[PDB]
Trainee: 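The structure that follows is given in the form of structure tokens.
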Amino acid sequence: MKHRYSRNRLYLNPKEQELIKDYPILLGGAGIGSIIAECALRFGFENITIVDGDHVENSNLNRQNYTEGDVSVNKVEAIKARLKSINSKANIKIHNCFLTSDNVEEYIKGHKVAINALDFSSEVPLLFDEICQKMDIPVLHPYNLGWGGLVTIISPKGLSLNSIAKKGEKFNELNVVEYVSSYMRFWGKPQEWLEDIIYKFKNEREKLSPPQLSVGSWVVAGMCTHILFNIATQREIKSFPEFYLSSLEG
Amino acid sequence: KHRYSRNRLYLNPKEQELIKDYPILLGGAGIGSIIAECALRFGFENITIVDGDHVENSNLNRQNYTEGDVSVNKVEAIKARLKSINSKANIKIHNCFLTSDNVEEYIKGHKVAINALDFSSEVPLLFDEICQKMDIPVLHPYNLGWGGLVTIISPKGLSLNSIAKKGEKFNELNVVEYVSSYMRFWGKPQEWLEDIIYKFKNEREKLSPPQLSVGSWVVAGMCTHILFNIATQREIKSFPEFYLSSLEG
Ligand SMILES: CCCCCCCC(=O)N[C@@H]1CCCCNC1=O
Ligand SMILES: CCCCCCCC(=O)N[C@@H]1CCCCNC1=O
């Protein structure tokens with residue numbers, strides 16, 4: 001440990017603190033992932049690769065780890081500045097590029113765990129997971145459900161998100177969230193708030209991106225940091241088709 | 001504005017308008033510095049922050065500060081951070097410790113308050129008492145490592161005094177022991193929470209309780225939601241009820 005991680009004691013012993021220091025994490029996408037990166041860095045994960053090709057837009061400022069001065073800059077450049085001002089000795093490696101079928105494997109290679117925060121409009125969201133399973137790299141899928149944070153982990157030998165994808169039609173986050181609500185309702189725990197926002201979003205006249213709130217981003221960042229700690233320290237986790245849902249209502 | 005574009009459906013324009021000016025008083029810029037950013041990005045642009053401490057190294061594992069902030073007043077550092085997120089936001093700071101003499105005037109003028117005050121200061125319980133008198137509900141956020149804990153003292157309800165015993169001093173360990181005992185009594189024991197309580201008590205040296213970034217980030221989300229519910233007059237649980245949020249729900 002260090003005096004920076006002084007208040008981590010009892011929860012983490014010194015050997016765990018050292019372990020997560022160099023534990024190579026791959027983060028694909030610096031949007032929702034920028035909140036996760038700060039929470040995970042402050043926890044003690046100092047070896048983070050961030051890959052994103054987008055620039056900071058105004059609409060990011062309601063839930064992503066950027067400032068007014070960052071607007072029009074590569075998200076990856078801004079989040080590295082933010083992260084390295086929190087920990088100057090941290091090993092924060094960025095790549096201002098979009099992932100494609102040709103480059104995605106070499107980026108994945110060398111990491112012990114990955115966070116798939118990739119827009120489903122790019123080409124590689126599902127292929128990203130397939131390579132990680134092939135390489136024994138578990139994949140965290142964090143989602144911003146407004147009031148809730150949702151994480152599901154694709155484990156190397158388990159079901160992938162394909163299981164809920166339909167053969168022949170495209171797959172996005174609305175499918176994931178509709179699976180979660182149906183699963184919760186199946187078990188007698190309907191999330192009526194979640195079903196309500198899905199209904200409003202689908203019956204929107206105009207075709208827009210899903211709404212997201214700072215609440216869910218902040219909650220999911222904490223969830224991911226806990227999950228990462230469990231994965232690095234070989235504590236048990238729930239794998240997809242099971243998931244973690246956290247909200248004030250719960 | 002386009003800054004709140006992705007807030008749609010969850011909030012209508014009139015709610016976004018309402019919380020913009022909803023005056024929040026935040027006592028304590030430690031765990032409160034995480035809460036402040038999440039609430040500002042949500043759309044709460046009228047925040048008063050009162051704290052007398054400086055930024056220390058040990059804050060960096062869970063609080064909203066940088067290596068450059070160390071040795072600076074928390075309120076100046078957190079205001080710089082907040083104003084870099086929103087230049088037009090109304091962030092009023094006071095680098096002062098709260099005392100019996102000043103605490104009422106700070107509370108005056110706010111619709112809701114967040115009590116994140118160290119229990120070694122003079123006014124943690126008096127702060128709530130004054131807020132109760134003035135119809136100001138008070139959020140008490142706690143960092144339970146893996147969990148976020150919030151309880152709201154409502155003006156006409158029980159205060160934290162009810163779990164204090166008149167003969168010994170009262171701190172956050174009493175709140176957490178209350179929460180864990182409540183959970184076990186009602187059939188959902190939090191063995192993780194009891195475990196960290198047990199480890200901390202049997203520590204040789206007397207140190208401050210450990211805290212993690214996860215609970216800070218989770219408690220910041222919970223507080224922002226609770227603020228939105230209070231401001232838009234949606235139902236919330238008041239103390240002796242509470243909200244506990246963790247990876248397992
Ligand atoms: C109808 C309302 C619920 C919509 C749920 C979207 C939440 C979310 O997280 N979506 C994406 C998915 C791509 C990678 C991660 N980041 C994102 O922003
Ligand atoms: C034994 C382990 C559990 C200890 C719980 C401490 C959590 C916490 O919140 N403590 C303080 C209390 C003062 C106001 C808010 N901020 C704080 O840091």
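Naming: A, B, ... by sequence-line order, numbering from 1 per chain.
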Trainee: Could you look at B:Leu11 and say if it's the side chain, the backbone, both or neither that has a heavy atom under 4.5 Å from chain A?
Mentor: side chain
Trainee: Measuring heavy-atom distances to chain B, does A:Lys2 have an atom under 4.5 Å in its side chain, in its backbone, in both, or in neither?
Mentor: side chain
Trainee: Any chance NZ of B:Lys20 has more than 12 other-residue heavy atoms, nucleotides or ligands included, within less than 6.0 Å?
Mentor: no
Trainee: Are there more than 12 heavy atoms of other residues, nucleotides or ligands under 6.0 Å from atom NZ of B:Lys92?
Mentor: yes
Trainee: Do A:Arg7 and B:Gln63 make a side-chain contact, defined as non-hydrogen atoms from C-beta onward lying under 4.5 Å apart?
Mentor: no
Trainee: Looking at B:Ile226, B:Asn229, B:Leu207, which makes the most heavy-atom pairs under 4.5 Å with chain A?
Mentor: B:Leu207
Trainee: For the atom pair OG (B:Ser213) and CG (A:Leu41), what is the distance rounded to the nearest 0.5 Å?
Mentor: 9.0 Å
Trainee: Using heavy-atom distances under 4.5 Å, tell me whether A:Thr225 contacts chain B through its side chain, its backbone, both, or neither.
Mentor: side chain
Trainee: Against chain B, work out which of A:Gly69, A:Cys39, A:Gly250 has the most heavy-atom pairs shorter than 4.5 Å and name it.
Mentor: A:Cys39
Trainee: Count the heavy atoms belonging to other residues, nucleotides or ligands that lie under 6.0 Å from OH of A:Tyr199, then report whether that count exceeds 12.
Mentor: no
Trainee: Given heavy-atom pairs under 4.5 angstrom as the criterion, report whether the side chain, backbone, both or neither of B:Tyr243 touches chain A.
Mentor: side chain
Trainee: Looking at chain B, which one of A:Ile35, A:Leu61, A:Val219 has the largest number of heavy-atom pairs inside 4.5 Å, strictly under?
Mentor: A:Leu61
Trainee: Find the distance between CG (A:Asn65) and CD1 (B:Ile85) and round it off to the nearest 0.5 Å.
Mentor: 8.0 Å
Trainee: What is the distance from atom CG of A:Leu10 to atom CD of B:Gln211, rounded to the nearest 0.5 Å?
Mentor: 12.0 Å
Trainee: Heavy-atom distances under 4.5 Å only: say whether A:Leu248 touches chain B with side chain, backbone, both or neither.
Mentor: both
Trainee: Does A:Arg4 pair with B:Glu67 as a salt bridge, N-O distance under 4.0 Å?
Mentor: yes
Trainee: Can you tell which of B:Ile196, B:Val150, B:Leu244 has the highest number of heavy-atom pairs within less than 4.5 Å of chain A?
Mentor: B:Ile196
Trainee: Hey, would you say the B:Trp146 and A:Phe229 ring centroids sit under 6.0 Å apart?
Mentor: yes
Trainee: At a 4.5 Å cut-off on heavy atoms, which part of A:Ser247 comes close to chain B: side chain, backbone, both, or neither?
Mentor: backbone
Trainee: Against chain B, work out which of A:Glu38, A:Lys84, A:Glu204 has the most heavy-atom pairs shorter than 4.5 Å and name it.
Mentor: A:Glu204
Trainee: How about A:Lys112: does its NZ atom have over 12 heavy atoms from other parts shown lying under 6.0 Å from it?
Mentor: no
Trainee: Which is it for B:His225 and A:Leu213 under the side-chain contact (heavy atoms from CB on, under 4.5 Å) test, yes or no, and what are the steps along the way?
Mentor: CA-CA 10 Å; B:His225 191 162; A:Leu213 269 16; over 6 Å; no
Trainee: What is the minimum heavy-atom distance between B:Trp217 and A:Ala221, and which atoms define it?
Mentor: CD1-CB, 3.8 Å
Trainee: Measure B:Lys1 against the heavy atoms of chain A and call it side chain, backbone, both or neither at under 4.5 Å.
Mentor: side chain
Trainee: Stepwise, does the side-chain contact (heavy atoms from CB on, under 4.5 Å) test hold for B:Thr66 with A:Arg82?
Mentor: CA-CA 9 Å; B:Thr66 64; A:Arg82 170 68 180 171; 3.9 Å; yes
Trainee: Go through the atoms of A:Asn87 and report whether side chain, backbone, both or neither lie under 4.5 Å from a heavy atom of chain B.
Mentor: both
Trainee: Please state whether the side chain, the backbone, both or neither of A:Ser246 comes within less than 4.5 Å of a heavy atom of chain B.
Mentor: both
Trainee: B:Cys223, B:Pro210, B:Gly215, B:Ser216: which one forms the most heavy-atom pairs within less than 4.5 Å of chain A?
Mentor: B:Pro210
Trainee: Say you draw a straight line from OH of B:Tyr10 to CG of A:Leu145; how long is it, rounded to the nearest 0.5 Å?
Mentor: 6.0 Å
Trainee: Contact part of A:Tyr66 toward chain B, heavy-atom cut-off under 4.5 Å: side chain, backbone, both or neither?
Mentor: backbone
Trainee: Most heavy-atom pairs under 4.5 angstrom with chain B, which of A:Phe43, A:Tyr5, A:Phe201?
Mentor: A:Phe43
Trainee: I need the A:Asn58 CG to B:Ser5 OG distance, nearest 0.5 Å.
Mentor: 10.0 Å
Trainee: By a 4.5 Å heavy-atom criterion (distance strictly below it), what part of B:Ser58 contacts chain A: side chain, backbone, both, or neither?
Mentor: both
Trainee: How far does CZ of B:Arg3 sit from CD of A:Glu57, to the nearest 0.5 angstrom?
Mentor: 14.0 Å
Trainee: So, are B:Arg8 and A:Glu206 salt-bridged, with charged N and O less than 4.0 Å apart?
Mentor: no
Trainee: Just give me the residue among A:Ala40, A:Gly149, A:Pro210 that pairs up with chain B most often, heavy atom to heavy atom, under 4.5 Å.
Mentor: A:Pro210
Trainee: Contact part of B:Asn202 toward chain A, heavy-atom cut-off under 4.5 Å: side chain, backbone, both or neither?
Mentor: neither
Trainee: Answer yes or no: is there a donor N or O on one side and an acceptor on the other, between the side chain of A:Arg42 and the main chain of B:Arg62, under 3.5 Å?
Mentor: no
